[PDB]
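Engineer: Input: one structure, supplied below.
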Amino acid sequence: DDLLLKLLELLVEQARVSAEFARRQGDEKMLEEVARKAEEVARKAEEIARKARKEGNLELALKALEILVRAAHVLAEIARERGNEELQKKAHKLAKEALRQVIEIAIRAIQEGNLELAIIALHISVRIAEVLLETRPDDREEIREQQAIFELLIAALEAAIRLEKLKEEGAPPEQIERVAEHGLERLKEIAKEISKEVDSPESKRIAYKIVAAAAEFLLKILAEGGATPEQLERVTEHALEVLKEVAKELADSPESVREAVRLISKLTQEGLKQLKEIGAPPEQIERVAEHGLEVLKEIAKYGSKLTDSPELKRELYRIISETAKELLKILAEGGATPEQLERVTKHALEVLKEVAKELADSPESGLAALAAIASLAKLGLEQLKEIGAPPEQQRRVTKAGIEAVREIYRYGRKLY
Amino acid sequence: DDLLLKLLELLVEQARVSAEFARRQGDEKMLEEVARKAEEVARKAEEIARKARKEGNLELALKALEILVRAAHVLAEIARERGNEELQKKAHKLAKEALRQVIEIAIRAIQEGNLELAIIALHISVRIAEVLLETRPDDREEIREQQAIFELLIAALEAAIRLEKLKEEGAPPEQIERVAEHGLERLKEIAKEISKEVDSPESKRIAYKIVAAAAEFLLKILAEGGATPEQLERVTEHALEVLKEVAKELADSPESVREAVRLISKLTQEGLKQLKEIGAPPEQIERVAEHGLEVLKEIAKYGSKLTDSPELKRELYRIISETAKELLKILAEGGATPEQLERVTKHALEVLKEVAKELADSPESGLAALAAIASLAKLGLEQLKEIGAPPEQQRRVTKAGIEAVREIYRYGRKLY
Amino acid sequence: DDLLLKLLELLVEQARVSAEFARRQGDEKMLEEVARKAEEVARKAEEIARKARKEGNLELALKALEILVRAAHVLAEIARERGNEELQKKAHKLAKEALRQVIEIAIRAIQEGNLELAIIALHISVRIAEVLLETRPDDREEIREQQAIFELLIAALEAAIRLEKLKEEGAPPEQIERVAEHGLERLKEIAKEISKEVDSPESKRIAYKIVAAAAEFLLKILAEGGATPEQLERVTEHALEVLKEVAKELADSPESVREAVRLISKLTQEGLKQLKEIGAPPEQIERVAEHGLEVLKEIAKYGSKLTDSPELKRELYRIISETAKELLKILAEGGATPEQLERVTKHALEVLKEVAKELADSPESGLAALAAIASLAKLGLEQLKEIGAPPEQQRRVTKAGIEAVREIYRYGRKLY
């Protein structure tokens, strides 16, 4: 592929030189034709960039974005002197989209755990900032949002590199966890200040996603560092608590709540999977599971306060049920006893019951939630079946399931 | 070697920085001294560049050209603000020589087929264009000729990179052939429009060389791709036809014809070489040989109608005869039956006779043509002897030789 | 590692782009905040640069310096529009310190033989020159000193790369020596002209260090080139002689003598190491030893005119004695006869006596000179003991030592 990108660079640079020449000559027809070439080059680059995004070669994607930056610069240089607002609109929107895509790449680079790609991407984002700055210097809010995003990314990167070097240097876990907490606290404070600054929904969405990625990166490097599970658990709980606080600030929209749950659940699941891989005693696993479910429930409750969509409620509840199913599957893969599984299953059902009691407001949603509860009970009983649990355990869980179903039906009879 | 080039770079940059300083001081003596230093640095670079050209390291030559470009930039920048026309004339001429050399390198990069070298060369050609643009705001025509050349190189690269990828992807040879034709026909019509747009004989020479190289590359990549001989033959005809059409526009000077036939001969030689290498039946080879020879004949005629020089006529005859002799020698090395050898020998004698009938205007040119015909007969008889052909075939050939020589004398009898 | 500095690059770029935005907006508060941030970035960079200097990774050191120069550039670019003096004062001082450090690294890179590091250092020096030039274009003497240093480095590097090439080519050592001699003579004439231009003690100190390093490099490359010991000795004499000339021209301050002596001693040591490793006859070693000591005494004699510092005189005598001790150590490691040991030891005592006669001016300085020659006598006797020289040789040397002490006491009786 690289030849095509290099050709597009050659083309776009030629378009720049031809445009500077055409500006010296006053040739509006050449300017029009190179503007067409520049748009078509940008189209070729965009089409290739989506292909690179599909295949996951970040270097090519970033290079394609740099071509898009260069093409935007040429288009903007033309649009500036021509006064053509449709070119200015196109370039500005393309630059916004590039900023979005490079931010997504930056999040992905953090998620994959190589910081050099993120740094390069962030450099390209500063080029995007230069293009944006020449495009619209009066949108101080966009600039400041990009700066906030950048500042957060830099803060995350500073913690990331510091931690990565402490790991490579073989530092004592006590120093590491003090640094990690200081990182989380600083990130939280920065995010909290950013939440005072900004009002773009997408900026907040991005911000929380970055924070979540920063917590996940900490989790990854800390876990690869091989620290004793007690430290992993303590950092995890602090991270979940921070994530809950920062969500309680930043989340106030359909997508933000849905994504916040998706993130917190993902990070919970990841952390529990790390505890499973290190071979932690099930007591710690169960504490993380409960504390995670409690946090999730508190978030679900918080998010629900604004709500008017049964559809969002349905998907949220579905995600909560998927979370419970995943949690039980992790304990089962972890070789947990049926008595640990029933304790967890009971708490999970009780959380589901409480979350249904918060969320539910129609018979239709009541049925859907009930069906989810029932499906969880089915999977839970299927775990007890797979471990060959005594019939009393099966009866206990089944009765609890029936009782929860009955109580939710009593609430359903109040709603209907 | 590169350390010397690197010192020359930093010397150039120090000349730039010291020239900023000297302008800020008003130190005309320092400007004179650093201008001498920059000329001498350029002289070192020019000698090293010609050394690199002799050794065939394109990277060194290109880097040395970039040094020459940077050196020219500072020289021209000083000369412009000084009003020094001798330095301005030196810089423009040197930059034009650099443009020639980079174009030749770009053609060589197409010939060697590593398109990354062609990309790097093309990038340096953009740098040449930038310095030229800062040199000549007035000669927009020369700049536009360079742009046309660049656009042709770009078109060639679009075909080249498309084809390279299309064969990396292992596509149907027929789909490849449709793309290759679309490349050639687009290139040809572009070249025709370029032939209207430009007027420098050398620019047209360059353009034709590029077109020839584009066909040559397509042929080489297609043949290395293992496409069946029918595709090679079809493309070869189309390529010859293209070369013929563009030559019929461009054949306005002695060396233009000489080059045109040389390039047609090259394409023909590569054609037979690939048909030999793939193991095609001599049936295809002999058809292509006839095609190439008759195109050559019609071009040789056409160029002769546009021209008068005795030495050109002599050279054209010589080249045509050497071409025919080499093509017959290739067919004989290709192991074809004696029948194909005599068929081609007869056709070649007829071509040479027609060429004599077009060219000949002095007893000396008659004798030279006769001597060439005799040399062709000698080589033909030598190949019939080496394959051990029946004596009747040998006699048939020498009789045809005498008959041709008789007809040459019957023409010459009008002049003598 | 590098990523830390890359974050600093991002912060620098961000500081620039935000400061250009803040200049479009009139945001004095942002300018103040980013200026503080840029100073803190420079603080981070300075500490990292000290760490790199300690670890001796020159690639990192040069990277860190370049990024420091970038940080200085943005700091100055902000301070210029602000009209702030203290930032300009800081930047100018820091840039001079960076120039000093990069020059030291350039000397070290000449020592470590990979001239690409010296080229990168030289590139950074040109970047420093741009920063200095945009900082204070009226401080022309500093710029001209940097130019003199650059010119000297260029002269050295041109000889260096020429020798590297002739050595790699396998040129006859006589031609290499002719080139090296011409290099040294050219370097001396340059150093003379530099000494006619400059008056900064540090500039002369740097200059002489560079000259000494150039001779040292020439010696090392010629020795690696396998030249016969006679050529090494002839070059060594020319080197000592030219080092003496340039030292005498440049030196008018205390540490300059101490360093000059140290450098001459180093070049003497390196020469003796070559003759020892190649297995030269001790006759050549004894010539080099005498010639070095003779020159050292000429320099010590010259230097004695410049100051009354007792500490300096004691240091010079100390270094002279260390030189004699090292010379004996090398001669003994060379397996030379007790006759060579007495020949050299006698000269060593005598040149020490001359050095005492020139330098000493007090009872305390007499006792120091005495103490040193007595220490030399102790080592000399220890060498004659370790080689197992016959008691008569031990006694002959011991009496000569006592007589040197007697002569020193004859002077001591006039000093007290």
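Order determines the names: the first chain of the structure tokens is A, the second B, and so forth; residues in each chain are numbered 1 upward, and ligands are numbered 1 upward as they are shown.
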Any chance you could tabulate, as a tab-separated table, the residues of chain C at most 7 Å from chain A with each one's nearest atom pair and distance in Å to one decimal, using only C-alpha atoms, in chain and rising number order?
Structural biologist:
residue	atom	partner	partner_atom	distance
C:10	CA	A:123	CA	6.3
C:14	CA	A:126	CA	6.8
C:17	CA	A:130	CA	6.7
C:21	CA	A:137	CA	6.9
Engineer: For residue 314 in chain C, find every residue with an atom within 12 Å (counting only C-alpha atoms), except residues of its own chain fewer than 6 positions away, and show them as a ChimeraX atom specification.
Structural biologist: /C:258,300,304,308,320-321,355-356,359-362,364-372
Engineer: Neighbours of range 233-236 of chain C within 10 Å (only C-alpha atoms; same-chain residues fewer than 4 positions away dropped), as a PyMOL selection string?
Structural biologist: chain C and resi 177-178+180-181+184+215-216+218-219+222+228-229+240-242+267-268+270-272+274-275+284-285+287-288+291-292
Engineer: Please provide as a list in words all residues within 8 Å of residue 208 in chain B, with the sequence filter that same-chain residues fewer than 3 positions apart are discarded (counting only C-alpha atoms).
Structural biologist: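 Contacts, in chain order: residues 204, 205, 211, 212, 246, 247, 250 and 260 of chain B.
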Engineer: Using N, CA, C and O atoms, can you export the residues from the last selection as a PDB file, in the first residue's frame?
Structural biologist:
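New file selection-v9.pdb:
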ATOM      1  N   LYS B 204      10.294  17.525 -25.566  1.00  0.00           N
ATOM      2  CA  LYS B 204       9.607  16.498 -26.338  1.00  0.00           C
ATOM      3  C   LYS B 204      10.405  15.202 -26.329  1.00  0.00           C
ATOM      4  O   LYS B 204       9.838  14.136 -26.122  1.00  0.00           O
ATOM      5  N   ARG B 205      11.730  15.280 -26.455  1.00  0.00           N
ATOM      6  CA  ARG B 205      12.620  14.111 -26.394  1.00  0.00           C
ATOM      7  C   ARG B 205      12.443  13.374 -25.077  1.00  0.00           C
ATOM      8  O   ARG B 205      12.170  12.178 -25.051  1.00  0.00           O
ATOM      9  N   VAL B 211       7.483   8.120 -22.287  1.00  0.00           N
ATOM     10  CA  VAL B 211       6.445   7.246 -22.840  1.00  0.00           C
ATOM     11  C   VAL B 211       7.033   5.872 -23.116  1.00  0.00           C
ATOM     12  O   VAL B 211       6.481   4.855 -22.701  1.00  0.00           O
ATOM     13  N   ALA B 212       8.199   5.832 -23.747  1.00  0.00           N
ATOM     14  CA  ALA B 212       8.861   4.580 -24.052  1.00  0.00           C
ATOM     15  C   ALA B 212       9.132   3.797 -22.767  1.00  0.00           C
ATOM     16  O   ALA B 212       8.780   2.625 -22.661  1.00  0.00           O
ATOM     17  N   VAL B 246       2.895   8.639 -31.383  1.00  0.00           N
ATOM     18  CA  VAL B 246       3.548   9.768 -30.717  1.00  0.00           C
ATOM     19  C   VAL B 246       4.831  10.139 -31.452  1.00  0.00           C
ATOM     20  O   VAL B 246       5.107  11.317 -31.653  1.00  0.00           O
ATOM     21  N   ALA B 247       5.583   9.166 -31.954  1.00  0.00           N
ATOM     22  CA  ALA B 247       6.732   9.467 -32.786  1.00  0.00           C
ATOM     23  C   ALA B 247       6.323  10.278 -34.012  1.00  0.00           C
ATOM     24  O   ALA B 247       6.995  11.250 -34.341  1.00  0.00           O
ATOM     25  N   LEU B 250       6.234  13.684 -32.923  1.00  0.00           N
ATOM     26  CA  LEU B 250       7.461  14.231 -32.338  1.00  0.00           C
ATOM     27  C   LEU B 250       8.714  14.201 -33.238  1.00  0.00           C
ATOM     28  O   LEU B 250       9.730  14.771 -32.846  1.00  0.00           O
ATOM     29  N   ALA B 260      13.965   7.934 -31.667  1.00  0.00           N
ATOM     30  CA  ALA B 260      12.702   7.256 -31.862  1.00  0.00           C
ATOM     31  C   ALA B 260      12.948   5.833 -32.336  1.00  0.00           C
ATOM     32  O   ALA B 260      12.471   4.883 -31.717  1.00  0.00           O
TER      33      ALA B 260
END
Engineer: Residues at most 10 Å from residue 167 in chain B, counting only C-alpha atoms, excluding those fewer than 5 positions away in the same chain, as a list in words?
Structural biologist: residues 161, 162, 172, 173, 176, 221, 222, 224, 225 and 226 of chain B
Engineer: Please produce a file of the residues just selected, as a PDB file, in the first residue's frame, where the atoms kept are N, CA, C and O atoms.
Structural biologist:
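Saved result, again-v6.pdb, follows:
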ATOM      1  N   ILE B 161       2.131   2.009 -10.203  1.00  0.00           N
ATOM      2  CA  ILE B 161       1.742   1.619  -8.856  1.00  0.00           C
ATOM      3  C   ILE B 161       0.441   0.820  -8.920  1.00  0.00           C
ATOM      4  O   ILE B 161       0.330  -0.210  -8.256  1.00  0.00           O
ATOM      5  N   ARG B 162      -0.519   1.231  -9.759  1.00  0.00           N
ATOM      6  CA  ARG B 162      -1.757   0.468  -9.930  1.00  0.00           C
ATOM      7  C   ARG B 162      -1.438  -0.942 -10.386  1.00  0.00           C
ATOM      8  O   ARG B 162      -1.902  -1.894  -9.773  1.00  0.00           O
ATOM      9  N   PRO B 172      -6.851 -11.315 -12.512  1.00  0.00           N
ATOM     10  CA  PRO B 172      -6.912 -11.897 -13.850  1.00  0.00           C
ATOM     11  C   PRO B 172      -6.032 -11.146 -14.861  1.00  0.00           C
ATOM     12  O   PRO B 172      -6.163  -9.924 -14.990  1.00  0.00           O
ATOM     13  N   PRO B 173      -5.177 -11.839 -15.634  1.00  0.00           N
ATOM     14  CA  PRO B 173      -4.347 -11.216 -16.663  1.00  0.00           C
ATOM     15  C   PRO B 173      -5.141 -10.353 -17.648  1.00  0.00           C
ATOM     16  O   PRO B 173      -4.668  -9.303 -18.065  1.00  0.00           O
ATOM     17  N   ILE B 176      -5.917  -7.076 -15.921  1.00  0.00           N
ATOM     18  CA  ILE B 176      -4.635  -6.376 -15.968  1.00  0.00           C
ATOM     19  C   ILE B 176      -4.411  -5.765 -17.349  1.00  0.00           C
ATOM     20  O   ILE B 176      -4.078  -4.590 -17.455  1.00  0.00           O
ATOM     21  N   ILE B 221       6.847  -5.635 -16.131  1.00  0.00           N
ATOM     22  CA  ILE B 221       6.023  -6.073 -15.009  1.00  0.00           C
ATOM     23  C   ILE B 221       5.018  -7.126 -15.468  1.00  0.00           C
ATOM     24  O   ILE B 221       4.879  -8.158 -14.814  1.00  0.00           O
ATOM     25  N   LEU B 222       4.359  -6.922 -16.608  1.00  0.00           N
ATOM     26  CA  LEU B 222       3.409  -7.897 -17.128  1.00  0.00           C
ATOM     27  C   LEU B 222       4.083  -9.254 -17.358  1.00  0.00           C
ATOM     28  O   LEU B 222       3.562 -10.289 -16.941  1.00  0.00           O
ATOM     29  N   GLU B 224       7.063 -10.431 -16.056  1.00  0.00           N
ATOM     30  CA  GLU B 224       7.432 -10.991 -14.753  1.00  0.00           C
ATOM     31  C   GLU B 224       6.204 -11.532 -14.014  1.00  0.00           C
ATOM     32  O   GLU B 224       6.289 -12.525 -13.294  1.00  0.00           O
ATOM     33  N   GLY B 225       5.037 -10.938 -14.254  1.00  0.00           N
ATOM     34  CA  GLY B 225       3.756 -11.427 -13.765  1.00  0.00           C
ATOM     35  C   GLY B 225       3.325 -12.771 -14.360  1.00  0.00           C
ATOM     36  O   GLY B 225       2.364 -13.360 -13.866  1.00  0.00           O
ATOM     37  N   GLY B 226       4.002 -13.278 -15.391  1.00  0.00           N
ATOM     38  CA  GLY B 226       3.715 -14.586 -15.986  1.00  0.00           C
ATOM     39  C   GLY B 226       2.455 -14.637 -16.862  1.00  0.00           C
ATOM     40  O   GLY B 226       1.888 -15.716 -17.049  1.00  0.00           O
TER      41      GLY B 226
END
Engineer: Pick out the residues sitting within 10 Å of range 397-409 of chain B, and hand them over as number ranges by chain; count only C-alpha atoms, and ignore anything fewer than 3 positions along from it in its own chain.
Structural biologist: B: 341-343, 345-346, 349-350, 352-354, 356-357, 360, 363, 366-367, 369-371, 373-374, 376-378, 380-381, 384, 391-394, 412-416
Engineer: Now that the selection is made, can you save its residues with N, CA, C and O atoms as a CSV table (one decimal), in the first residue's frame?
Structural biologist:
chain,number,residue,atom,x,y,z
B,341,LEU,N,13.7,-18.2,-40.2
B,341,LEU,CA,14.9,-17.4,-40.5
B,341,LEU,C,14.9,-16.8,-41.9
B,341,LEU,O,15.1,-15.6,-42.0
B,342,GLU,N,14.7,-17.6,-42.9
B,342,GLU,CA,14.6,-17.0,-44.3
B,342,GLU,C,13.5,-16.1,-44.5
B,342,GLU,O,13.6,-15.0,-45.0
B,343,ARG,N,12.3,-16.4,-43.9
B,343,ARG,CA,11.1,-15.5,-44.0
B,343,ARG,C,11.4,-14.1,-43.5
B,343,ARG,O,11.3,-13.1,-44.1
B,345,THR,N,14.5,-13.0,-42.9
B,345,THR,CA,15.6,-12.4,-43.7
B,345,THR,C,15.1,-11.7,-44.9
B,345,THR,O,15.5,-10.6,-45.2
B,346,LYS,N,14.2,-12.4,-45.6
B,346,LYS,CA,13.5,-11.8,-46.8
B,346,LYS,C,12.8,-10.5,-46.5
B,346,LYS,O,13.1,-9.5,-47.1
B,349,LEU,N,15.4,-7.9,-45.7
B,349,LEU,CA,16.0,-7.4,-46.9
B,349,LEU,C,15.0,-6.4,-47.6
B,349,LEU,O,15.4,-5.3,-48.0
B,350,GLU,N,13.8,-6.8,-47.7
B,350,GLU,CA,12.8,-5.9,-48.3
B,350,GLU,C,12.7,-4.6,-47.6
B,350,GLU,O,12.7,-3.5,-48.2
B,352,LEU,N,15.0,-3.2,-45.7
B,352,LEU,CA,16.3,-2.5,-46.0
B,352,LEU,C,16.2,-1.9,-47.4
B,352,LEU,O,16.7,-0.7,-47.6
B,353,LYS,N,15.7,-2.6,-48.4
B,353,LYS,CA,15.6,-2.1,-49.7
B,353,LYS,C,14.6,-0.9,-49.8
B,353,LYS,O,15.0,0.1,-50.3
B,354,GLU,N,13.5,-1.0,-49.1
B,354,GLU,CA,12.6,0.1,-49.1
B,354,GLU,C,13.2,1.3,-48.4
B,354,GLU,O,13.2,2.4,-48.9
B,356,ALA,N,16.5,1.9,-48.3
B,356,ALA,CA,17.4,2.4,-49.3
B,356,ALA,C,16.6,3.3,-50.3
B,356,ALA,O,17.1,4.4,-50.5
B,357,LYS,N,15.5,2.9,-50.8
B,357,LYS,CA,14.7,3.6,-51.8
B,357,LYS,C,14.2,4.9,-51.3
B,357,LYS,O,14.1,5.9,-52.0
B,360,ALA,N,18.3,6.9,-50.3
B,360,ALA,CA,19.5,7.0,-51.1
B,360,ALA,C,19.5,8.2,-52.1
B,360,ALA,O,18.5,8.3,-52.9
B,363,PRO,N,25.9,8.0,-54.7
B,363,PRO,CA,26.6,6.7,-54.8
B,363,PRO,C,27.1,6.2,-53.5
B,363,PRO,O,27.0,5.0,-53.2
B,366,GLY,N,24.3,4.8,-51.6
B,366,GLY,CA,24.1,3.5,-52.2
B,366,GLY,C,25.0,2.5,-51.8
B,366,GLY,O,24.6,1.4,-51.3
B,367,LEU,N,26.3,2.7,-51.8
B,367,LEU,CA,27.3,1.7,-51.4
B,367,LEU,C,27.1,1.4,-49.9
B,367,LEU,O,27.1,0.2,-49.6
B,369,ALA,N,24.4,1.5,-48.1
B,369,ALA,CA,23.2,0.7,-48.0
B,369,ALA,C,23.5,-0.7,-48.5
B,369,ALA,O,23.2,-1.7,-47.9
B,370,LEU,N,24.2,-0.8,-49.7
B,370,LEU,CA,24.6,-2.1,-50.2
B,370,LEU,C,25.4,-2.9,-49.2
B,370,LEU,O,25.1,-4.0,-48.9
B,371,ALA,N,26.4,-2.3,-48.7
B,371,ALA,CA,27.3,-2.9,-47.7
B,371,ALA,C,26.5,-3.4,-46.5
B,371,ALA,O,26.7,-4.5,-46.0
B,373,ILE,N,23.2,-4.2,-46.6
B,373,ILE,CA,22.4,-5.3,-47.1
B,373,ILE,C,23.3,-6.6,-47.1
B,373,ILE,O,22.9,-7.6,-46.6
B,374,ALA,N,24.5,-6.4,-47.7
B,374,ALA,CA,25.5,-7.5,-47.7
B,374,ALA,C,25.8,-8.0,-46.3
B,374,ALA,O,25.8,-9.2,-46.1
B,376,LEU,N,23.8,-8.0,-43.8
B,376,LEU,CA,22.6,-8.7,-43.3
B,376,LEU,C,22.6,-10.1,-44.0
B,376,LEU,O,22.4,-11.1,-43.3
B,377,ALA,N,22.9,-10.1,-45.3
B,377,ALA,CA,22.9,-11.4,-46.0
B,377,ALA,C,24.0,-12.3,-45.4
B,377,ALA,O,23.7,-13.4,-45.2
B,378,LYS,N,25.2,-11.7,-45.0
B,378,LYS,CA,26.3,-12.5,-44.4
B,378,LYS,C,25.8,-13.1,-43.1
B,378,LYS,O,26.0,-14.3,-42.9
B,380,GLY,N,22.7,-13.6,-42.1
B,380,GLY,CA,21.6,-14.5,-42.4
B,380,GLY,C,22.2,-15.9,-42.8
B,380,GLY,O,21.8,-16.9,-42.3
B,381,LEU,N,23.1,-15.8,-43.8
B,381,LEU,CA,23.8,-17.0,-44.3
B,381,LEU,C,24.6,-17.7,-43.1
B,381,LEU,O,24.5,-18.9,-43.0
B,384,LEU,N,22.0,-19.6,-41.1
B,384,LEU,CA,21.6,-20.8,-41.9
B,384,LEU,C,22.7,-21.9,-41.8
B,384,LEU,O,22.4,-23.1,-41.7
B,391,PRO,N,21.2,-26.9,-48.4
B,391,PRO,CA,21.9,-26.0,-49.3
B,391,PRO,C,20.9,-25.2,-50.2
B,391,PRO,O,21.2,-24.1,-50.5
B,392,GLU,N,19.8,-25.8,-50.6
B,392,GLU,CA,18.8,-25.1,-51.5
B,392,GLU,C,18.3,-23.8,-50.7
B,392,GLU,O,18.2,-22.7,-51.3
B,393,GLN,N,18.0,-23.9,-49.4
B,393,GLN,CA,17.6,-22.7,-48.6
B,393,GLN,C,18.8,-21.7,-48.6
B,393,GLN,O,18.5,-20.5,-48.8
B,394,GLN,N,20.0,-22.1,-48.5
B,394,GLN,CA,21.2,-21.3,-48.5
B,394,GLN,C,21.3,-20.5,-49.8
B,394,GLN,O,21.4,-19.3,-49.8
B,412,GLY,N,20.7,2.9,-58.0
B,412,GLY,CA,22.0,3.7,-58.1
B,412,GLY,C,22.3,4.1,-59.5
B,412,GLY,O,22.8,5.2,-59.7
B,413,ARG,N,22.0,3.3,-60.5
B,413,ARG,CA,22.2,3.7,-61.9
B,413,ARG,C,21.6,5.0,-62.4
B,413,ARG,O,22.0,5.6,-63.3
B,414,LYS,N,20.5,5.4,-61.7
B,414,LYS,CA,19.9,6.8,-61.9
B,414,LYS,C,20.8,7.9,-61.5
B,414,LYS,O,20.7,9.0,-62.1
B,415,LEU,N,21.6,7.7,-60.4
B,415,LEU,CA,22.4,8.7,-59.8
B,415,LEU,C,23.8,8.8,-60.4
B,415,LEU,O,24.4,9.9,-60.6
B,416,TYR,N,24.4,7.6,-60.7
B,416,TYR,CA,25.8,7.5,-61.2
B,416,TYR,C,26.0,7.9,-62.7
B,416,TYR,O,25.2,7.3,-63.5
Engineer: Enter the distance from CA of residue 72 in chain A to CA of residue 36 in chain A, in Å, rounded to one decimal.
Structural biologist: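 About the pair CA of residue 72 in chain A and CA of residue 36 in chain A: they are 12.4 Å apart.
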Engineer: Residues near residue 295 in chain C, anyone? I mean within 10 Å using only C-alpha atoms, not counting same-chain ones fewer than 2 positions away, as a list in words.
Structural biologist: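 Listing them by chain and then by number gives residues 237, 240, 241, 243, 244, 261, 264, 265, 290, 291, 292, 293, 297, 298, 299, 300 and 301 of chain C.
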Engineer: Work out how far CA of residue 40 in chain B is from CA of residue 214 in chain C, in Å to one decimal.
Structural biologist: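 Separation of CA of residue 214 in chain C and CA of residue 40 in chain B: 23.9 Å.
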Engineer: Using CA of residue 183 in chain A and CA of residue 239 in chain A as the two end points, give the distance in Å to one decimal.
Structural biologist: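 Separation between CA of residue 183 in chain A and CA of residue 239 in chain A: 10.4 Å.
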